[PDB]
Structures are given as C-alpha cells and as structure tokens.
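One file, protein03.cif, carrying mmCIF, C-alpha atoms and all ligand atoms:
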data_protein
loop_
_atom_site.label_atom_id
_atom_site.label_comp_id
_atom_site.auth_asym_id
_atom_site.auth_seq_id
_atom_site.Cartn_x
_atom_site.Cartn_y
_atom_site.Cartn_z
CA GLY C 1 -0.06 -13.03 -16.21
CA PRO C 2 0.01 -9.57 -14.52
CA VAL C 3 2.91 -7.16 -15.06
CA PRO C 4 5.18 -7.05 -11.92
CA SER C 5 5.57 -3.85 -9.83
CA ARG C 6 7.86 -2.49 -7.15
CA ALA C 7 7.58 0.52 -4.79
CA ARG C 8 9.23 3.62 -6.38
CA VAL C 9 10.43 4.69 -2.89
CA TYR C 10 11.91 2.72 0.07
CA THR C 11 11.98 -0.39 -2.22
CA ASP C 12 14.75 -2.18 -0.34
CA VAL C 13 14.51 -0.86 3.21
CA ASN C 14 13.97 -4.40 4.54
CA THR C 15 16.55 -5.81 2.09
CA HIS C 16 19.43 -3.74 3.52
CA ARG C 17 18.38 -4.11 7.22
CA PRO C 18 19.55 -7.06 9.44
CA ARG C 19 17.43 -10.26 9.29
CA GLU C 20 15.99 -9.73 12.84
CA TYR C 21 14.45 -6.38 11.68
CA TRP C 22 11.84 -7.92 9.28
CA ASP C 23 11.96 -11.59 10.40
CA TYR C 24 9.30 -11.12 13.14
CA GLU C 25 8.81 -14.93 13.66
CA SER C 26 12.29 -15.13 15.33
CA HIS C 27 11.51 -12.18 17.68
CA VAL C 28 11.44 -13.36 21.33
CA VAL C 29 8.89 -11.34 23.38
CA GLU C 30 9.97 -10.07 26.87
CA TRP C 31 6.68 -9.82 28.78
CA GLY C 32 5.61 -7.01 31.09
CA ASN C 33 3.48 -7.51 34.23
CA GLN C 34 -0.24 -8.05 33.63
CA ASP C 35 -0.95 -7.06 37.28
CA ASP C 36 0.20 -3.47 36.46
CA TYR C 37 -3.10 -2.89 34.61
CA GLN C 38 -6.71 -2.55 35.78
CA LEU C 39 -9.37 -2.77 33.01
CA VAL C 40 -11.93 0.12 33.32
CA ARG C 41 -14.28 -0.26 30.31
CA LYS C 42 -14.69 -1.95 26.92
CA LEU C 43 -13.76 0.50 24.08
CA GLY C 44 -14.31 -1.78 21.13
CA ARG C 45 -13.79 -5.10 19.47
CA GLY C 46 -12.32 -6.36 16.21
CA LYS C 47 -12.15 -9.77 14.48
CA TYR C 48 -8.94 -10.77 16.34
CA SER C 49 -9.29 -8.64 19.51
CA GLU C 50 -11.10 -6.73 22.23
CA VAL C 51 -10.06 -3.28 23.37
CA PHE C 52 -10.40 -1.72 26.79
CA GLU C 53 -9.58 1.51 28.54
CA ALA C 54 -7.32 0.57 31.50
CA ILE C 55 -5.25 2.19 34.26
CA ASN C 56 -1.54 1.56 34.87
CA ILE C 57 -1.70 1.06 38.66
CA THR C 58 2.02 1.93 39.21
CA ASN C 59 1.64 5.54 37.90
CA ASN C 60 -2.20 6.12 37.61
CA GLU C 61 -1.89 6.71 33.82
CA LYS C 62 -4.65 5.78 31.35
CA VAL C 63 -3.69 3.17 28.77
CA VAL C 64 -5.46 1.18 26.05
CA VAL C 65 -5.29 -2.65 26.28
CA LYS C 66 -5.80 -4.81 23.23
CA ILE C 67 -6.42 -8.44 24.25
CA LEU C 68 -5.55 -10.72 21.32
CA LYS C 69 -7.96 -13.58 20.43
CA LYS C 70 -2.69 -16.41 15.51
CA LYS C 71 0.93 -16.49 16.92
CA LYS C 72 2.47 -15.31 13.56
CA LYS C 73 0.00 -12.37 13.34
CA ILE C 74 0.76 -11.42 17.02
CA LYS C 75 4.58 -11.35 16.54
CA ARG C 76 4.16 -9.33 13.27
CA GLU C 77 2.19 -6.57 15.01
CA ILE C 78 4.62 -6.48 17.99
CA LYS C 79 7.71 -6.32 15.72
CA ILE C 80 6.18 -3.55 13.57
CA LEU C 81 5.17 -1.56 16.69
CA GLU C 82 8.65 -1.93 18.22
CA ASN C 83 10.35 -1.00 14.95
CA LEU C 84 8.16 2.13 14.68
CA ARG C 85 8.25 3.18 18.40
CA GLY C 86 9.29 6.82 18.82
CA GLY C 87 8.30 7.64 15.23
CA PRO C 88 6.25 10.85 14.67
CA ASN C 89 2.53 10.33 15.43
CA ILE C 90 2.93 6.50 15.63
CA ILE C 91 0.93 5.05 18.58
CA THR C 92 3.32 4.03 21.39
CA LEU C 93 3.31 0.38 22.42
CA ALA C 94 3.88 0.94 26.20
CA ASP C 95 3.80 -2.77 27.17
CA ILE C 96 3.11 -6.40 26.16
CA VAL C 97 1.47 -8.54 28.83
CA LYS C 98 0.01 -12.05 29.12
CA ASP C 99 -2.17 -13.98 31.58
CA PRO C 100 0.71 -16.09 33.13
CA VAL C 101 -1.65 -19.09 33.50
CA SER C 102 -3.85 -18.92 30.32
CA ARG C 103 -1.07 -17.44 28.03
CA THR C 104 -3.62 -15.08 26.36
CA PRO C 105 -1.54 -12.01 25.26
CA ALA C 106 -2.43 -8.31 25.31
CA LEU C 107 -0.77 -5.18 23.93
CA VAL C 108 -0.76 -2.04 26.01
CA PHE C 109 -0.86 1.31 24.17
CA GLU C 110 -0.62 4.95 25.26
CA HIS C 111 -4.10 6.46 25.65
CA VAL C 112 -5.37 9.15 23.30
CA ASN C 113 -8.42 11.21 24.44
CA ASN C 114 -10.13 10.80 21.04
CA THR C 115 -13.30 12.59 19.82
CA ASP C 116 -15.31 10.30 17.47
CA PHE C 117 -14.61 11.54 13.89
CA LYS C 118 -18.36 11.56 13.12
CA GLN C 119 -18.54 14.45 15.68
CA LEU C 120 -15.00 15.97 15.27
CA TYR C 121 -14.70 16.21 11.46
CA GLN C 122 -17.75 18.61 11.32
CA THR C 123 -15.97 21.24 13.55
CA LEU C 124 -12.47 21.13 11.94
CA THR C 125 -11.35 24.29 10.14
CA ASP C 126 -9.41 24.40 6.84
CA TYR C 127 -6.18 24.91 8.88
CA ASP C 128 -7.11 21.95 11.19
CA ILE C 129 -7.46 19.52 8.26
CA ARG C 130 -4.14 20.67 6.75
CA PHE C 131 -2.42 20.27 10.13
CA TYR C 132 -3.82 16.77 10.84
CA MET C 133 -3.21 15.63 7.24
CA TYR C 134 0.48 16.76 7.64
CA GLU C 135 0.67 14.77 10.98
CA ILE C 136 -0.73 11.56 9.33
CA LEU C 137 1.84 12.10 6.50
CA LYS C 138 4.67 12.25 9.05
CA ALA C 139 3.56 8.82 10.39
CA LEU C 140 3.16 7.39 6.87
CA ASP C 141 6.54 8.65 5.56
CA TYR C 142 8.05 7.27 8.76
CA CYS C 143 6.52 3.76 8.63
CA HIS C 144 7.16 3.57 4.84
CA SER C 145 10.80 4.72 5.41
CA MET C 146 11.03 1.83 7.89
CA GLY C 147 9.76 -0.70 5.28
CA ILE C 148 6.24 -0.98 6.67
CA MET C 149 2.83 -0.55 4.95
CA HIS C 150 -0.02 0.25 7.44
CA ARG C 151 -2.73 -1.27 5.11
CA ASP C 152 -5.68 0.02 7.22
CA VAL C 153 -5.56 3.85 6.95
CA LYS C 154 -9.08 5.20 7.77
CA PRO C 155 -10.49 7.79 10.34
CA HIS C 156 -11.23 5.07 12.99
CA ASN C 157 -7.48 4.23 12.99
CA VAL C 158 -6.50 7.87 13.48
CA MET C 159 -6.84 8.96 17.15
CA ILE C 160 -7.12 12.74 17.58
CA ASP C 161 -7.04 14.47 20.98
CA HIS C 162 -8.14 17.79 19.43
CA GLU C 163 -7.72 19.80 22.76
CA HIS C 164 -4.00 18.88 22.67
CA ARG C 165 -3.69 18.92 18.79
CA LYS C 166 -2.40 15.30 19.26
CA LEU C 167 -2.64 12.68 16.60
CA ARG C 168 -1.71 8.96 16.55
CA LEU C 169 -2.03 6.47 13.70
CA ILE C 170 -3.14 3.27 15.46
CA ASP C 171 -3.98 -0.42 14.94
CA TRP C 172 -1.00 -1.85 13.08
CA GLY C 173 -2.65 -5.31 13.17
CA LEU C 174 -2.95 -5.39 9.35
CA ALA C 175 0.48 -3.78 8.84
CA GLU C 176 3.11 -5.65 6.92
CA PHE C 177 6.82 -5.47 5.95
CA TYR C 178 7.39 -4.50 2.28
CA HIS C 179 9.57 -6.83 0.18
CA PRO C 180 9.90 -6.09 -3.58
CA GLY C 181 8.05 -8.64 -5.69
CA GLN C 182 6.00 -10.05 -2.80
CA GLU C 183 2.38 -11.08 -3.57
CA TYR C 184 0.29 -9.68 -0.72
CA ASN C 185 -3.20 -10.45 0.55
CA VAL C 186 -5.61 -7.99 -1.15
CA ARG C 187 -8.09 -8.49 1.78
CA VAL C 188 -6.81 -5.51 3.78
CA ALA C 189 -8.13 -2.02 4.66
CA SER C 190 -11.82 -1.03 5.15
CA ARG C 191 -13.93 -1.23 2.02
CA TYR C 192 -14.20 2.59 1.63
CA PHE C 193 -10.44 3.04 1.85
CA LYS C 194 -9.42 0.07 -0.38
CA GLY C 195 -7.13 1.10 -3.23
CA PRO C 196 -8.12 0.03 -6.79
CA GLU C 197 -5.14 -2.44 -6.69
CA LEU C 198 -6.96 -4.40 -3.96
CA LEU C 199 -10.36 -4.24 -5.71
CA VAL C 200 -8.93 -5.61 -8.98
CA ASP C 201 -6.94 -8.27 -6.99
CA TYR C 202 -3.51 -6.89 -7.99
CA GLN C 203 -1.35 -8.48 -5.30
CA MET C 204 2.03 -6.88 -6.04
CA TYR C 205 1.12 -3.62 -4.21
CA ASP C 206 3.28 -1.47 -1.87
CA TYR C 207 3.25 1.58 0.46
CA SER C 208 1.30 3.56 -2.21
CA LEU C 209 -1.84 1.70 -0.97
CA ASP C 210 -1.75 3.93 2.20
CA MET C 211 -1.67 7.10 -0.01
CA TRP C 212 -4.92 6.08 -1.73
CA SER C 213 -6.51 5.49 1.73
CA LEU C 214 -5.24 8.90 2.86
CA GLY C 215 -6.73 10.39 -0.34
CA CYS C 216 -10.13 8.89 0.63
CA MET C 217 -9.83 10.50 4.08
CA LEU C 218 -8.85 13.91 2.65
CA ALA C 219 -11.84 13.81 0.25
CA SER C 220 -14.19 12.92 3.12
CA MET C 221 -12.86 15.81 5.26
CA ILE C 222 -12.67 18.72 2.72
CA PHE C 223 -16.05 17.68 1.09
CA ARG C 224 -17.77 16.77 4.40
CA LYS C 225 -18.92 13.40 2.95
CA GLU C 226 -18.06 10.37 5.05
CA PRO C 227 -17.00 7.99 3.57
CA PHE C 228 -16.28 9.66 0.20
CA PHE C 229 -16.58 6.48 -1.98
CA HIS C 230 -19.50 4.55 -0.45
CA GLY C 231 -19.76 1.15 -2.13
CA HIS C 232 -22.18 -1.56 -0.88
CA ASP C 233 -19.45 -4.27 -1.44
CA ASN C 234 -15.93 -4.55 -2.98
CA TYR C 235 -17.17 -4.65 -6.56
CA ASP C 236 -19.50 -1.65 -6.11
CA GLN C 237 -16.61 0.11 -4.29
CA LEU C 238 -14.68 0.12 -7.63
CA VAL C 239 -17.86 1.34 -9.43
CA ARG C 240 -18.02 4.32 -6.93
CA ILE C 241 -14.40 5.20 -7.71
CA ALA C 242 -15.05 4.83 -11.52
CA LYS C 243 -18.01 7.25 -11.28
CA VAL C 244 -15.56 9.93 -10.05
CA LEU C 245 -12.18 9.09 -11.66
CA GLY C 246 -13.82 7.77 -14.82
CA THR C 247 -13.58 4.40 -16.58
CA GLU C 248 -11.01 5.42 -19.27
CA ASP C 249 -8.21 5.78 -16.63
CA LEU C 250 -9.41 2.58 -14.93
CA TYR C 251 -9.14 0.50 -18.14
CA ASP C 252 -5.74 2.19 -18.91
CA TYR C 253 -4.57 1.02 -15.43
CA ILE C 254 -5.83 -2.56 -15.92
CA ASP C 255 -4.29 -2.52 -19.42
CA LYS C 256 -0.89 -1.20 -18.15
CA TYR C 257 -0.56 -4.01 -15.60
CA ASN C 258 -2.26 -6.68 -17.80
CA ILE C 259 -4.82 -7.24 -15.00
CA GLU C 260 -7.50 -9.83 -15.72
CA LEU C 261 -10.72 -8.21 -14.46
CA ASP C 262 -13.37 -10.44 -12.77
CA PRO C 263 -16.32 -11.14 -15.19
CA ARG C 264 -18.65 -9.36 -12.67
CA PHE C 265 -16.88 -5.95 -13.19
CA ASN C 266 -17.46 -5.57 -17.01
CA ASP C 267 -21.26 -4.88 -16.92
CA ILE C 268 -21.35 -2.99 -13.55
CA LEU C 269 -18.41 -0.58 -14.27
CA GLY C 270 -20.13 0.72 -17.41
CA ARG C 271 -18.72 3.92 -18.92
CA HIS C 272 -18.22 7.12 -16.88
CA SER C 273 -16.39 10.34 -17.63
CA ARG C 274 -13.77 11.66 -15.21
CA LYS C 275 -15.43 14.31 -12.96
CA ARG C 276 -13.86 17.65 -12.03
CA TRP C 277 -13.17 17.78 -8.24
CA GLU C 278 -15.05 21.10 -8.26
CA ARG C 279 -18.29 19.06 -8.74
CA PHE C 280 -18.15 18.00 -5.07
CA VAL C 281 -17.71 21.64 -3.83
CA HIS C 282 -20.88 23.13 -2.19
CA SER C 283 -21.84 26.13 0.10
CA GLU C 284 -21.28 24.12 3.35
CA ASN C 285 -17.85 22.59 2.51
CA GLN C 286 -16.33 25.40 0.33
CA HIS C 287 -14.50 26.98 3.34
CA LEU C 288 -12.41 23.71 3.55
CA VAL C 289 -11.66 23.64 -0.19
CA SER C 290 -8.92 25.60 -2.01
CA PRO C 291 -7.13 25.06 -5.40
CA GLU C 292 -4.25 23.52 -3.39
CA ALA C 293 -6.57 21.04 -1.60
CA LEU C 294 -8.02 19.89 -4.94
CA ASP C 295 -4.63 19.62 -6.69
CA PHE C 296 -3.31 17.67 -3.64
CA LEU C 297 -6.31 15.35 -3.53
CA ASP C 298 -6.11 14.82 -7.28
CA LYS C 299 -2.46 13.68 -6.91
CA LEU C 300 -3.39 11.13 -4.19
CA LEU C 301 -6.44 9.59 -5.92
CA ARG C 302 -4.80 7.96 -8.93
CA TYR C 303 -5.66 4.43 -10.12
CA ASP C 304 -2.02 3.74 -10.91
CA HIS C 305 -0.40 3.19 -7.48
CA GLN C 306 2.99 4.07 -9.10
CA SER C 307 1.60 7.56 -10.02
CA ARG C 308 0.23 8.63 -6.54
CA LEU C 309 2.29 11.03 -4.45
CA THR C 310 4.66 9.52 -1.89
CA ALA C 311 4.21 10.77 1.73
CA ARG C 312 7.38 12.93 1.38
CA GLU C 313 6.11 14.43 -1.99
CA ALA C 314 2.71 15.02 -0.32
CA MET C 315 4.43 16.95 2.60
CA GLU C 316 6.04 19.19 0.04
CA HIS C 317 2.74 20.14 -1.55
CA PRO C 318 1.72 23.88 -1.35
CA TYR C 319 -1.44 22.77 0.53
CA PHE C 320 0.85 22.50 3.57
CA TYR C 321 2.66 25.86 3.17
CA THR C 322 0.87 27.52 6.17
CA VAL C 323 1.45 24.33 8.32
CA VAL C 324 5.24 24.00 7.61
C1 LIG J 401 -6.13 -0.75 19.90
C2 LIG J 401 -6.20 -1.05 18.43
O1 LIG J 401 -5.21 -1.42 17.81
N1 LIG J 401 -7.45 -1.04 17.89
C3 LIG J 401 -8.69 -0.53 18.36
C4 LIG J 401 -8.77 0.61 19.15
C5 LIG J 401 -10.01 1.12 19.53
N2 LIG J 401 -10.12 2.30 20.30
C6 LIG J 401 -9.16 3.11 20.88
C7 LIG J 401 -9.65 4.26 21.51
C8 LIG J 401 -8.77 5.15 22.14
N3 LIG J 401 -9.14 6.32 22.80
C9 LIG J 401 -10.52 6.79 22.93
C10 LIG J 401 -11.37 6.20 23.98
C11 LIG J 401 -10.87 7.58 24.12
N4 LIG J 401 -7.40 4.89 21.91
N5 LIG J 401 -6.34 5.64 22.31
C12 LIG J 401 -5.26 4.96 21.90
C13 LIG J 401 -5.59 3.77 21.22
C14 LIG J 401 -4.68 2.82 20.65
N6 LIG J 401 -3.89 2.11 20.21
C15 LIG J 401 -6.99 3.75 21.23
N7 LIG J 401 -7.86 2.86 20.73
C16 LIG J 401 -11.17 0.46 19.14
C17 LIG J 401 -11.11 -0.66 18.34
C18 LIG J 401 -9.87 -1.19 17.97
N8 LIG J 401 -9.81 -2.37 17.09
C19 LIG J 401 -9.30 -3.62 17.66
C20 LIG J 401 -11.00 -2.51 16.17
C21 LIG J 401 -10.64 -3.18 14.81
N9 LIG J 401 -9.47 -2.65 14.09
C22 LIG J 401 -8.97 -3.63 13.12
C23 LIG J 401 -9.79 -1.40 13.42
CL CL J 402 -9.01 -6.84 15.68
CL CL J 403 5.74 7.03 0.92
#
Turn this file's structure into structure tokens for me.
Ligand SMILES: CC(=O)Nc1cc(Nc2cc(NC3CC3)n3ncc(C#N)c3n2)ccc1N(C)CCN(C)C
Ligand SMILES: [Cl-]
Ligand SMILES: [Cl-]
Amino acid sequence: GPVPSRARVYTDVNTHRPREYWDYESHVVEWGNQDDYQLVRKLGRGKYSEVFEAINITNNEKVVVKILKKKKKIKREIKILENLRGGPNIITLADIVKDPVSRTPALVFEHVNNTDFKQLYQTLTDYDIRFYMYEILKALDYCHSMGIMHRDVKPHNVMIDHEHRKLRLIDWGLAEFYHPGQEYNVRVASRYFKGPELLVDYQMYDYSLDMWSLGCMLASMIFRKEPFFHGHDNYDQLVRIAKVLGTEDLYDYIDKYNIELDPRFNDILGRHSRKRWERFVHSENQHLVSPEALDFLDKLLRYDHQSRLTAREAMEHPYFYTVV
C-alpha cells in the first residue's frame, strides 16, 4: 500500500472551520434574476458548461455567464467561489441565476478583458512575468489558506487584462476542499500541468499540486515554450518530465511513497539524467531568465509534492524582490 501524506501547510483549515464552510451539499442557493442578463456571444465551452459574454441590463456592465450542463458538482463550485469571494486575484462570482421554468443554472462572473496567452505571453517583459506570477501566488496562497485546492492551474484559467495589469484565476469547477488523508480523483488539471502525483495515481495529494502547475506555467513563460512539458498522453507526460528532472529523482519519489507504478511506465520512462535549467536558455528567451528565475522554477518543479515551495514561500523568493 502507498505511504500516506498530508499538506505541510494549511492542513486543518477545513477541520477547524464550521461544518457549513466545507459541507457544500447543505448550502442553500439564493438565486439572482436571470432577466438581468442579456447573452452577447459564445466565449467557449467545457465538458460540463458553455460560456458566454453577457451584459447586466441594470447597469450596462459586461459579465461572463457560465451555463451549467451534476447537482453536487454545482454546489461545490458555488461554495468555493463564495468562500473565496473578495480574495486577491480570485474571479468574482457576481451572481447565480437559473431559468425559473427549466431549472438550468448559470454562474455569473465579473468580466476580464483577456488577451489570449498565445498572443500575450510573447510580449511580456521579465518584470511583467514576475508581477503576474506574484499575482497568481496571491490567489493560490489565499485559496490554499482557505482550505481549497484549485486543481486546474494553467494559462487558459488565468485571465489577464494587460492594459489594466489585472489578473484573475478563474474556473474553480475542478476545485476541491482539502481534508487530511482524503483520497482524491487524480483526473484533474490539463495534461501539461498535471503534477507527477496525478500521473503516478497517488491520490493523497494536496495544495502542492497547484505549485507544480504554476511551475509549468513559469517554465513556459521564461523559456517561451508553451506548454513546457508536451506529452501526447498522461503516460508520455511523465516521460517528458523525466527527460528534464531525470529518472533517479522520479524513482526516489515512487520509492519514498511506496507507489506501485503502472507496468506501462517501466519501459517508456527509461533512464535520463537531470538537466540543468540553463539548457533551455536561448538568445530569444534569455532576457526573461535570471539566476533567481531558475532557482525559483527549480524549487517549484520537484517530484516530491512535500518538497515544492508553498505559495507563501514562493512570494518570499528573491525573484520577486523588484515586485514587492
Ligand atoms: C467561466 C469559466 O469558469 N470557464 C471558462 C471561461 C472561458 N472564458 C472567459 C473569458 C473571459 N474574458 C475574455 C473574453 C474576453 N473571462 N473573463 C472572466 C471570466 C471568468 N470567470 C472569463 N472567462 C472559456 C471557457 C471556460 N470553460 C468552461 C472551459 C473549460 N474549463 C474547464 C477550463
Ligand atoms: Cl466545463
Ligand atoms: Cl500553499
């Protein structure tokens, strides 16, 4: 059997809070008025939803409406969003509405004038990345301090209105309350941002999963390679990580937690030395790289979830000296 694990920070936030804080199934929703919103255009779609740009007709403000396609999953997202409302750089849930006849619910968010990261990330300066990384860290330390793991940290879930230097960590639909010893679903986050704990099916993970995901984002931004670890599937995703971090530290990790690796992994992982971060530094990205960026990245991208920086430790890193 695998060795148990608990978060080294905010372990019992949900334990010492009242039942109604984490017990989202008991939360009774007070519905807003659907007729306050006019849908303007489709912005996207997910597995469980469709997203639209809308207008709040009572004040002419732009909003984002997420129309939900499971009752338990709906209440979880709402409770997390309400718990986190007002938190630094956390998307604001402005309203919750429902078709009064069909009962189909929808969440109304504040609008962020985002620039697609495939266009934006190319124009960001060294200072810009440090600033935005510090802003994501504020949201992560906040949600973690409130006993919540985001579990889907990636650039598409980070809205940036660059003109206003405004950042919001969005789509808390995969977010979950942390309870020490709980066995969580490893089928979370986007492939490229999945922590090794998920890829090896280690279910007793915690907030430190978000720090890996953030590490993947930092690497993609300072090295101008999006995504940084580009696997063709979940198995190959771990191979991509092993080709950078090396197999020795991977097998030490599996060994430490007594993880039984899938038979598929053995032959495909092979043997790879740990690469120096400097290897990924080239003429075009060098202006975004510094010894502090590499030391910071190196402390985020650790196989052992218990050895990655916490969001508060990350905010203290010298990489953010000019920002703070
Ligand atoms: C709303 C949400 O939770 N997810 C979401 C938002 C978008 N897109 C946008 C776009 C904008 N602004 C730009 C048009 C200018 N903004 N501004 C604020 C918010 C919020 N919240 C927002 N969302 C697209 C797909 C999705 N999901 C459902 C896809 C799948 N998930 C699992 C990743
Ligand atoms: Cl979705
Ligand atoms: Cl943290």
At a cut-off of 10 Å and counting all atoms listed in the file, what residues surround ligand CL 403 (chain J)? Please answer as a PyMOL selection string. chain C and resi 7-10+137-145+147-149+206-211+308-314
Saved selection, atoms kept: C-alpha atoms, as a PDB file, keeping the file's coordinate frame:
ATOM      1  CA  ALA C   7       7.580   0.520  -4.790  1.00  0.00           C
ATOM      2  CA  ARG C   8       9.230   3.620  -6.380  1.00  0.00           C
ATOM      3  CA  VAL C   9      10.430   4.690  -2.890  1.00  0.00           C
ATOM      4  CA  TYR C  10      11.910   2.720   0.070  1.00  0.00           C
ATOM      5  CA  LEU C 137       1.840  12.100   6.500  1.00  0.00           C
ATOM      6  CA  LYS C 138       4.670  12.250   9.050  1.00  0.00           C
ATOM      7  CA  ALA C 139       3.560   8.820  10.390  1.00  0.00           C
ATOM      8  CA  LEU C 140       3.160   7.390   6.870  1.00  0.00           C
ATOM      9  CA  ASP C 141       6.540   8.650   5.560  1.00  0.00           C
ATOM     10  CA  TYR C 142       8.050   7.270   8.760  1.00  0.00           C
ATOM     11  CA  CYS C 143       6.520   3.760   8.630  1.00  0.00           C
ATOM     12  CA  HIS C 144       7.160   3.570   4.840  1.00  0.00           C
ATOM     13  CA  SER C 145      10.800   4.720   5.410  1.00  0.00           C
ATOM     14  CA  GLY C 147       9.760  -0.700   5.280  1.00  0.00           C
ATOM     15  CA  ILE C 148       6.240  -0.980   6.670  1.00  0.00           C
ATOM     16  CA  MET C 149       2.830  -0.550   4.950  1.00  0.00           C
ATOM     17  CA  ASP C 206       3.280  -1.470  -1.870  1.00  0.00           C
ATOM     18  CA  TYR C 207       3.250   1.580   0.460  1.00  0.00           C
ATOM     19  CA  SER C 208       1.300   3.560  -2.210  1.00  0.00           C
ATOM     20  CA  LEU C 209      -1.840   1.700  -0.970  1.00  0.00           C
ATOM     21  CA  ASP C 210      -1.750   3.930   2.200  1.00  0.00           C
ATOM     22  CA  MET C 211      -1.670   7.100  -0.010  1.00  0.00           C
ATOM     23  CA  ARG C 308       0.230   8.630  -6.540  1.00  0.00           C
ATOM     24  CA  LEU C 309       2.290  11.030  -4.450  1.00  0.00           C
ATOM     25  CA  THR C 310       4.660   9.520  -1.890  1.00  0.00           C
ATOM     26  CA  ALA C 311       4.210  10.770   1.730  1.00  0.00           C
ATOM     27  CA  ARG C 312       7.380  12.930   1.380  1.00  0.00           C
ATOM     28  CA  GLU C 313       6.110  14.430  -1.990  1.00  0.00           C
ATOM     29  CA  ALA C 314       2.710  15.020  -0.320  1.00  0.00           C
TER      30      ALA C 314
END
In terms of the shortest atom-to-atom distance over all atoms listed in the file, which of C:47, C:158, C:136, C:172 is closest to residue 78 of chain C? C:172
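Compared by their closest atoms to ligand LIG 401 (chain J), and using only C-alpha atoms and all ligand atoms, the residues C:226, C:128, C:161, C:278 rank with C:161 nearest.
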Out of C:153, C:146, C:241, C:55, which residue has the shortest atom-to-atom distance to residue 111 of chain C when counting all atoms listed in the file?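 Counting all atoms listed in the file, the residue closest to residue 111 of chain C is C:55.
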Go through chain C residue by residue and, counting only C-alpha atoms and all ligand atoms, keep those with an atom at most 9 Å from ligand CL 402 (chain J); for each kept residue give the shortest atom pair and its distance in Å to one decimal, ordered by chain and increasing number, as a tab-separated table.
residue	atom	partner	partner_atom	distance
C:45	CA	J:CL402	CL	6.3
C:46	CA	J:CL402	CL	3.4
C:47	CA	J:CL402	CL	4.5
C:48	CA	J:CL402	CL	4.0
C:49	CA	J:CL402	CL	4.2
C:50	CA	J:CL402	CL	6.9
C:51	CA	J:CL402	CL	8.5
C:66	CA	J:CL402	CL	8.5
C:68	CA	J:CL402	CL	7.7
C:69	CA	J:CL402	CL	8.3
C:171	CA	J:CL402	CL	8.2
C:173	CA	J:CL402	CL	7.0
C:174	CA	J:CL402	CL	8.9
Writer output for current selection, C-alpha atoms, as a CSV table (one decimal), keeping the file's coordinate frame:
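See selection-v4.csv below for the written result:
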chain,number,residue,atom,x,y,z
C,45,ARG,CA,-13.8,-5.1,19.5
C,46,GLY,CA,-12.3,-6.4,16.2
C,47,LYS,CA,-12.2,-9.8,14.5
C,48,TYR,CA,-8.9,-10.8,16.3
C,49,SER,CA,-9.3,-8.6,19.5
C,50,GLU,CA,-11.1,-6.7,22.2
C,51,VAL,CA,-10.1,-3.3,23.4
C,66,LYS,CA,-5.8,-4.8,23.2
C,68,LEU,CA,-5.6,-10.7,21.3
C,69,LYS,CA,-8.0,-13.6,20.4
C,171,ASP,CA,-4.0,-0.4,14.9
C,173,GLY,CA,-2.6,-5.3,13.2
C,174,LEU,CA,-3.0,-5.4,9.4
Given all atoms listed in the file as the counted atoms, nearest of C:214, C:81, C:167, C:63 to residue 302 of chain C: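 The shortest atom-to-atom distance to residue 302 of chain C comes from C:214.
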Selection as number ranges by chain: residues within 12 Å of (-2.2, 14.0, -8.4), counting all atoms listed in the file: C: 211-212, 215, 245, 277, 292-310, 313-314, 317
Convert the current residue selection to file output with C-alpha atoms, as an mmCIF file, in the frame of the given file.
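Final output, saved to again.cif:
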data_model
loop_
_atom_site.group_PDB
_atom_site.id
_atom_site.type_symbol
_atom_site.label_atom_id
_atom_site.label_comp_id
_atom_site.auth_asym_id
_atom_site.auth_seq_id
_atom_site.Cartn_x
_atom_site.Cartn_y
_atom_site.Cartn_z
ATOM 1 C CA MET C 211 -1.670 7.100 -0.010
ATOM 2 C CA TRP C 212 -4.920 6.080 -1.730
ATOM 3 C CA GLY C 215 -6.730 10.390 -0.340
ATOM 4 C CA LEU C 245 -12.180 9.090 -11.660
ATOM 5 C CA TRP C 277 -13.170 17.780 -8.240
ATOM 6 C CA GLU C 292 -4.250 23.520 -3.390
ATOM 7 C CA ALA C 293 -6.570 21.040 -1.600
ATOM 8 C CA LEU C 294 -8.020 19.890 -4.940
ATOM 9 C CA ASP C 295 -4.630 19.620 -6.690
ATOM 10 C CA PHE C 296 -3.310 17.670 -3.640
ATOM 11 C CA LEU C 297 -6.310 15.350 -3.530
ATOM 12 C CA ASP C 298 -6.110 14.820 -7.280
ATOM 13 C CA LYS C 299 -2.460 13.680 -6.910
ATOM 14 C CA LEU C 300 -3.390 11.130 -4.190
ATOM 15 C CA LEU C 301 -6.440 9.590 -5.920
ATOM 16 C CA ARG C 302 -4.800 7.960 -8.930
ATOM 17 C CA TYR C 303 -5.660 4.430 -10.120
ATOM 18 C CA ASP C 304 -2.020 3.740 -10.910
ATOM 19 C CA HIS C 305 -0.400 3.190 -7.480
ATOM 20 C CA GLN C 306 2.990 4.070 -9.100
ATOM 21 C CA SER C 307 1.600 7.560 -10.020
ATOM 22 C CA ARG C 308 0.230 8.630 -6.540
ATOM 23 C CA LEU C 309 2.290 11.030 -4.450
ATOM 24 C CA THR C 310 4.660 9.520 -1.890
ATOM 25 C CA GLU C 313 6.110 14.430 -1.990
ATOM 26 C CA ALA C 314 2.710 15.020 -0.320
ATOM 27 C CA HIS C 317 2.740 20.140 -1.550
#
